[PDB]
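Structure, as structure tokens:
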Amino acid sequence: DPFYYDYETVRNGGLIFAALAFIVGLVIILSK
Amino acid sequence: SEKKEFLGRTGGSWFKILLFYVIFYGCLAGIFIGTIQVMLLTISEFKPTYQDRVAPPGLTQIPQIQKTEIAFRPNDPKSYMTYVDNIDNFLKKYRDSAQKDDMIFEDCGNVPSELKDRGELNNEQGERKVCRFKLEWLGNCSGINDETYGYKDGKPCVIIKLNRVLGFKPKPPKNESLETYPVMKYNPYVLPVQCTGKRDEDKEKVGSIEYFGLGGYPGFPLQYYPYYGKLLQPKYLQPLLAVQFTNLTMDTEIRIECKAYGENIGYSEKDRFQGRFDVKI
Amino acid sequence: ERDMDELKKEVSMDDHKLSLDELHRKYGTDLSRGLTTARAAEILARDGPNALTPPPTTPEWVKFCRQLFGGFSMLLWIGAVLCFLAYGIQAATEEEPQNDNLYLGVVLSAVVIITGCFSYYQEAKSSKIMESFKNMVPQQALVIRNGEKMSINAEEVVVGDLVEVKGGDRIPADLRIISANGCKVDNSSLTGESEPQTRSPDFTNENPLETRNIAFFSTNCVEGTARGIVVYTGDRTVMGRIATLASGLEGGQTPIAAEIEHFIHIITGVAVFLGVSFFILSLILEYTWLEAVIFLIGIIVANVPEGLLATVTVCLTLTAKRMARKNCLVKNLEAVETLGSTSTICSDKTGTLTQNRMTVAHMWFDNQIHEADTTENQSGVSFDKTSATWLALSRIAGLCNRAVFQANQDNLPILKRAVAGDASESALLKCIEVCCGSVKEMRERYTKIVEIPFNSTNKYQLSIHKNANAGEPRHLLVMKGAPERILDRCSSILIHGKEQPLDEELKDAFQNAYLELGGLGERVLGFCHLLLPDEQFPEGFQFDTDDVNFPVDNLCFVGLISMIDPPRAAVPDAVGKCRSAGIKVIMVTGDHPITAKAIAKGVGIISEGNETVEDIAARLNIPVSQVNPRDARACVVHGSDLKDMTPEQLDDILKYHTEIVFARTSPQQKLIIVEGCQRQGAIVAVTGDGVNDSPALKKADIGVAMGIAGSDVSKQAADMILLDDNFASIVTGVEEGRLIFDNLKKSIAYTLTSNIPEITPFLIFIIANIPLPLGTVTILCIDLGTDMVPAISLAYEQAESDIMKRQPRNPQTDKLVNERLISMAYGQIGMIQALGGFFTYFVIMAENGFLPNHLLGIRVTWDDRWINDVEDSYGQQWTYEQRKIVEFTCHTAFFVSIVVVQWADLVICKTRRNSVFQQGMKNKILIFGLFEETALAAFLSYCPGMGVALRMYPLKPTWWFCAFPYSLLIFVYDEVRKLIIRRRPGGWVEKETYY
Ligand SMILES: C[C@@H]1O[C@@H](O[C@H]2C[C@@H](O)[C@]3(CO)[C@H]4[C@H](O)C[C@]5(C)[C@@H](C6=CC(=O)OC6)CC[C@]5(O)[C@@H]4CC[C@]3(O)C2)[C@H](O)[C@H](O)[C@H]1O
Ligand SMILES: CC(C)CCC[C@@H](C)[C@H]1CC[C@H]2[C@@H]3CC=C4C[C@@H](O)CC[C@]4(C)[C@H]3CC[C@]12C
Ligand SMILES: CC(C)CCC[C@@H](C)[C@H]1CC[C@H]2[C@@H]3CC=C4C[C@@H](O)CC[C@]4(C)[C@H]3CC[C@]12C
Ligand SMILES: [Mg+2]
Ligand SMILES: [Mg+2]
Ligand SMILES: [Mg+2]
């Protein structure tokens, strides 16, 4: 059915990205 | 404000500035219209891109109220004029004289029948025909001339209608159905509806229920589905189901919930009109 | 009290000139026996103890309220009150704002409260670290009562009782000196006089400040001993009046806060313009006065930049953190920037510009002048010590002194180590200790027999010792004293180890040498010795100070020793950098003119090649009144003339002279000079040490005191303090203050760019009657939600060019937030941002079945809760919560899109002029700003239960890329704008846009 959209995969992708970019930015702030 | 030579504040170069903003905002406007135009180029003429939002179709009433409540005097004409006129303008589209054309209209079963599939989503075949719906299918509520005619005047009556969703093919509950309450046996070919005073808890319930369906059948015929859209099927007549309350307590307000049952049907606790129905009377 | 502070701004007067007869006839005292114990105990309880009334400012922690108001927190306050009022009006029916407007007002309130909390915590932290620095050691006065000397607590000293002071002792109260022996008091802090002034019973100068018969409170006595009757006690003393005056002046509004006020007036201006024009417009169509008022409030409040308080306060706090890292501490949070706007610096000389330590500079050997090493670390050049004349001179200077290295100085450097003795004696002692070796065994080598301390008259100091050499057991005599008098008492001259008579050629060579070193600003002391005819004065002859045993004339004059207090190491460079910044440097001092001008030339306040009126008159051999003052670029104003000066004269002096030095100036006159500088309409920074700078440092647009070598009063009256006593920090200050300004603009601009795409959704919502594109929650998740970190990171931007090259900003002309800036943020960039947002909006709705042209006029039925059949363009029927969910999904993507355009806006705001390819992405906090921002937005959208909580729903992938071309457009547009601005600095794009 066209009436089923997968919101959970999209969601997972969003959150995973969030973690990645956040920790990457943390890597950027700390220059050693 | 003004001195030589400036208009408040500095008015010498105003031509340059205002010209700049005309050209500027002009470019911005043109750009926006462009993006919006390509966006509109990506949208289909037949089917919408995302149908997932309306997926649990809702149940609606003919006299849509301020808030879910029919409260009127059985005596005063001016009391129910609102409701009455609403039902009049609602069923004005369903008259036997309203559908003359055998060209754009189709006379379908006097009895609930199997779903009607016409071609595909595309324009390959021409504009699709639409099944006829006689007002006689609802007895004692707005049937032709004789009676009611006060539209619930002696005792309350309201027609329930299913929301329209493109390509939706309603799936009635199985014949194995779990406690669906008194219902008839024609279940394969129709989407059923049943009404009670309060849903899962103790009730104030006082009522007597009379249903008028297609062929005297409490539910929507599948033969009117799927709906092919405003473009392919303009002047499309969706099924209607009349429900009359004969015995009620007059001067006390009670609530009524009507639920439609099926596999294609679902309900939201947050959206009280989604999959189900609520009216105070 | 106005009359009080009118009497405190006037210079003092006294009874100081009297016969001791009339002195104790007036005071009712005995000169020798002081007063009776009962009388002292009577006067002590009559008025008050001897001490200053503790500073009148002791604000209770209720002073918290001060940080909760200001000028901006007021704007947020009325914003909140308008919010709550709007909710009150919205109680007219059943209403949603329970999740909208009440939350908005409460949020505004929370922002003000928290901001005030933070700023107050910073200022209070500064207060604490300032409290820790207070070390007050009780110093008991030595009084004399009923003929007996009793040392009692200083606070128990009364008026008109005999007090004795000794070497090192601090003066208890204001005294009239009845008697003195070799007494040099240190007035450096109070009157600004560098060298210790002799104190005598005799009346010298009419002005009680420069006269010798008065000793002053808080002054330490350098050397000798003295006796005096107390004229003044407690708050009635001189520095007490100075302190009560300094405590009773006003700070004045900081330029930064004023700019904030102007800015607020602008923002509220467009707020009420939009609000009113749109109120009228809304009434023109349909909506009743209720709805109309609601719209008015909605708009005016929407125009309020909620997070800008937080961001600005944080910014100021950050720069303040760096200032603290450099050990430059600012009492006030907004006084950090002021330096950058300063077009004139009035600095005091001794204690500020100088190390305030008397040191040997030049010496005189064989009719030749040789410069010693005057640096603190001894990094300069040493003279030639092989000469025997140097040996003799060094022995003379070392052998006659009262100077003694105190007990605990061993490891310390010979310069910075402490010495008990006079100024001159200290400098001499240190110099001889470093250059010629140890003065311990060398001073005890020769045994002192009978010495004459420096006399009240003629001030000649002589001593005579035995001989430590092998060949000649003659009696050695040594004397030091003023060059002229010792010239009178001398005949023979010593050259290269062999004597001679005096010939007028080399005698006048000596004279002109003395006038050269004296004119150089240094104080010169003549040194002589005479070996004695041991035949006439045998080895057993005991001679006393009663009569003349030794031939006081026909001595052997050796050479001259001159001395001065050097500037601090970082001072000349600092002054140079200040003059390079376009800042006018004016020395203001109460010192003597001869030393003042010299120091001024040393530090670069008066440059090489510039001549004062007196210099021109000196070179051309014409009367001083002849030459044209217009031809004189530099000027030294005697304090004597300043008292007779009118405002026009001071204005002319300050206008027509580039290099200005005010000498012999009283504290009130310093205040008058500062005020005179402010009359020109120019921002003023003042730097000082002692209490004489207390009225100036207070009145100045910004005061700067010295942590260690500065007094307490001027430390209280200062808006800024230097803990390490590094003058160079001032430069850093005017650097820092000049940078933080630019960044601020950027910061502000950024948030103000957000308001256009924030406000317009609710605008056209009313106009085109479309479903609401942008909710309240989203907007809060933008102003306070996301843009915060980038806006803060915009403070870590560096200089786009050399900031110390450009002239100081003009307060009238150059503005923080000005028409150009609004023309940019609201006018251009923000509009593109809005277009991007509405684009995304239409994308989402059109993809879900609702076409844009259909969306017009729908909201009436759309916001209706009870219409559950709502036809899209396709003919489908939508219930309430379904289409509302869609709308809420439109909110989130609108929010994300705002973030997306705020990317480009952030990058382009990073630089006002330079292209981004130049200034570079080198700011890291900015990068993390971006990453954190995006991650936060994505989190908000995709976090579970956020559709229940904030009603933010996950976005389909494609949604994200709808705002991209608009952001790119923003970047390209501002980049080519910042191209053309660079290429054409006429300029139209420069005049209209550049902010
Ligand atoms: C069609 C119209 O809209 C409905 O309410 C409207 C008025 C009012 O209620 C509000 C909520 O109070 C307004 C409020 O005024 C001002 C805001 C807080 C303001 C902001 C300031 C800021 O900083 O950020 C944003 C801009 C819009 C705003 O965000 C909300 C948006 C939701 C809305 O609800 C819309 C009712 O149905 C009304 O009856 C009907 O006339
Ligand atoms: C960081 C700067 C330079 C911008 C460049 C990165 C952009 C193009 C990236 C970073 C954030 C990304 C998103 C993270 C969230 C996901 C959810 C997923 O279900 C669809 C794709 C989507 C929506 C991503 C699309 C690409 C995105 C918009
Ligand atoms: C010249 C470059 C930089 C861009 C040119 C502008 C046009 C042609 C581009 C820019 C942004 C683009 C859109 C971004 C969003 C998508 C959403 C998707 O559901 C349909 C197509 C659509 C709508 C794109 C079509 C083309 C578009 C409108
Ligand atoms: Mg101040
Ligand atoms: Mg000083
Ligand atoms: Mg805002």
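A few remarks follow.
- Residues considered: B:270, B:259. Of these, the only one that is assigned by CATH to the domain that holds residue B:197 and in a loop (DSSP other than H, G, I, E, B) is B:270.
- Odd one out for residue B:232 among (1) aliphatic (A, V, I, L, M); (2) surrounded by fewer than 17 Cβ atoms within 10 Å (Cβ to Cβ); (3) under 24 Å from residue C:872 (Cβ atoms): (2)
- Residue among C:90, C:122, C:98 that alone is exposed (fewer than 12 other Cβ atoms within 10 Å of the Cβ) and assigned to a helix (DSSP H, G or I): C:98
- In region C:33-56, the residues that are closer than 20 Å to residue C:136 by Cα and without any contact (Cβ under 8 Å) to a residue 40 or more places away in the chain: C:54
- Filtered residues of region C:339-350 (kept if over 14 Å from residue C:682 (Cβ atoms) and outside any loop (DSSP other than H, G, I, E, B)): C:347, C:349, C:350
- Residue among C:701, C:652 that is at negative phi, under 11 Å from the mean Cα position of the chain (by Cα), among the charged types (D, E, K, R) and outside the structural domain of residue C:337 (by CATH): C:701
Residue by residue, here is whether (1) in contact with a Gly (Cβ under 6 Å, 6 or more places away or on another chain); (2) crowded, with 18+ Cβ neighbours inside 10 Å; (3) of a type in the set (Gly, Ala, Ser) holds:
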{"position": "C:795", "(1), (2), (3)": "no, yes, yes"}
{"position": "C:801", "(1), (2), (3)": "no, no, yes"}
{"position": "C:812", "(1), (2), (3)": "no, no, no"}
{"position": "C:822", "(1), (2), (3)": "no, yes, no"}
{"position": "C:862", "(1), (2), (3)": "no, yes, no"}
{"position": "C:879", "(1), (2), (3)": "yes, yes, no"}
{"position": "C:883", "(1), (2), (3)": "no, yes, no"}
{"position": "C:896", "(1), (2), (3)": "no, yes, no"}
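- Enumeration of residues in region C:445-465 that are within 20 Å of residue C:542 (Cβ to Cβ) and either without any contact (Cβ under 8 Å) to a residue 40 or more places away in the chain or not in a loop (DSSP other than H, G, I, E, B) (or both): C:447, C:448, C:452, C:462, C:463, C:464, C:465
- Condition met for residue B:65 (at the interface with another protein chain (Cβ under 9 Å from one of its Cβ atoms), in a loop (DSSP other than H, G, I, E, B), away from ligand 4 (no atom under 16 Å from the Cβ) and under 30 Å from residue B:281 (Cα atoms)): yes
- Check on residue B:35, in contact with a helix residue (DSSP H, G or I) (Cβ under 6 Å, 6 or more places away or on another chain), within 14 Å of chain A (Cβ to nearest Cβ) and either assigned to a helix (DSSP H, G or I) or within 16 Å of ligand 3 (Cβ to nearest atom) (or both): no
- Looking only at residues of region C:318-372 that are polar (S, T, N, Q), in contact with a helix residue (DSSP H, G or I) (Cβ under 7 Å, 6 or more places away or on another chain) and within 29 Å of residue C:518 (Cβ to Cβ), we find that the one that is farthest from ligand 2 (Cβ to nearest atom) is C:367.
- Residues that are among the aliphatic types (A, V, I, L, M), in contact with a strand residue (DSSP E or B) (Cβ under 6 Å, 6 or more places away or on another chain) and away from ligand 4 (no atom under 14 Å from the Cβ) within region C:666-701 comprise C:673, C:682, listed in sequence order.
- Complete set of residues in region B:136-175 that are outside any loop (DSSP other than H, G, I, E, B), more than 14 Å from chain C (Cβ to nearest Cβ) and more than 21 Å from residue B:256 (Cα to Cα): B:136, B:137
- Residue match in region B:43-56 (condition: free of Cβ contacts under 8 Å to residues at least 12 places away in the same chain, more than 16 Å from ligand 6 (Cβ to nearest atom) and either away from chain A (no Cβ under 14 Å) or of a type in the set (A, V, I, L, M) (or both)): yes
- Candidate set from region C:847-890 (those that are polar (S, T, N, Q) and not in a loop (DSSP other than H, G, I, E, B)); member that is nearest to the other protein chains (Cβ to nearest Cβ): C:877
- Restricting attention to region C:953-974, the residues being charged (D, E, K, R) and either within 16 Å of ligand 2 (Cβ to nearest atom) or assigned to a loop (DSSP other than H, G, I, E, B) (or both) number 1.
- Pairing each residue of region C:962-976 that is within 13 Å of another protein chain (Cβ to nearest Cβ) with any residue that is small (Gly, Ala, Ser), provided the two are 6+ apart or on different chains, yields C-beta distances under 6 Å for C:963/C:836; C:963/C:897; C:966/C:836; C:967/C:904; C:970/C:904.
- Residue in region B:42-50 that is within 30 Å of residue B:230 (Cβ to Cβ) and aliphatic (A, V, I, L, M) present: yes
- Some residue of region C:329-338 being surrounded by fewer than 21 Cβ atoms within 10 Å (Cβ to Cβ) and in a loop (DSSP other than H, G, I, E, B): yes
- Of all residues in region C:679-707, none that is more than 22 Å from residue C:237 (Cα to Cα) has its Cβ atom under 7 Å from the Cβ atom of a residue that is in a strand (DSSP E or B) and within 16 Å of ligand 2 (Cβ to nearest atom), 6 or more apart or on another chain.
- Those residues of region C:419-429 which are in contact with a strand residue (DSSP E or B) (Cβ under 7 Å, 6 or more places away or on another chain) and touching a residue at least 24 places away in the same chain (Cβ under 8 Å), in sequence order: C:420, C:421, C:422, C:423, C:424, C:426, C:427, C:428, C:429
- Residue check for residue C:731: in a helix (DSSP H, G or I) and either buried (at least 20 other Cβ atoms within 10 Å of the Cβ) or away from ligand 4 (no atom under 16 Å from the Cβ) (or both): yes
- So residue C:275, is it surrounded by fewer than 22 Cβ atoms within 10 Å (Cβ to Cβ), within 16 Å of ligand 6 (Cβ to nearest atom) and not assigned by CATH to the domain that holds residue C:524: yes
- When the residues of region A:3-32 are filtered to those that are more than 8 Å from chain C (Cβ to nearest Cβ) and among the β-branched types (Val, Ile, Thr), the one that is surrounded by the fewest Cβ atoms within 10 Å (Cβ to Cβ) is A:9.
- Options B:117, B:102, B:85; residue that is under 19 Å from the mean Cα position of the chain (by Cα), assigned by CATH to the domain that holds residue B:273 and farther than 15 Å from residue B:238 by Cα: B:85
- Answer from C:195, C:250, C:210 - the residue that is surrounded by fewer than 21 Cβ atoms within 10 Å (Cβ to Cβ), within 26 Å of residue C:564 (Cα to Cα) and acidic (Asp, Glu): C:210
- Only one of C:904, C:893 that is under 21 Å from residue C:862 (Cα atoms), more than 12 Å from chain A (Cβ to nearest Cβ) and within 11 Å of ligand 2 (Cβ to nearest atom): C:893
All of this is worked out from the model, or read from it or from the source named; none is laboratory data. Positions of Cβ are generated from backbone atoms using ideal geometry, with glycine treated the same way; all protein chains shown enter the neighbour counts.
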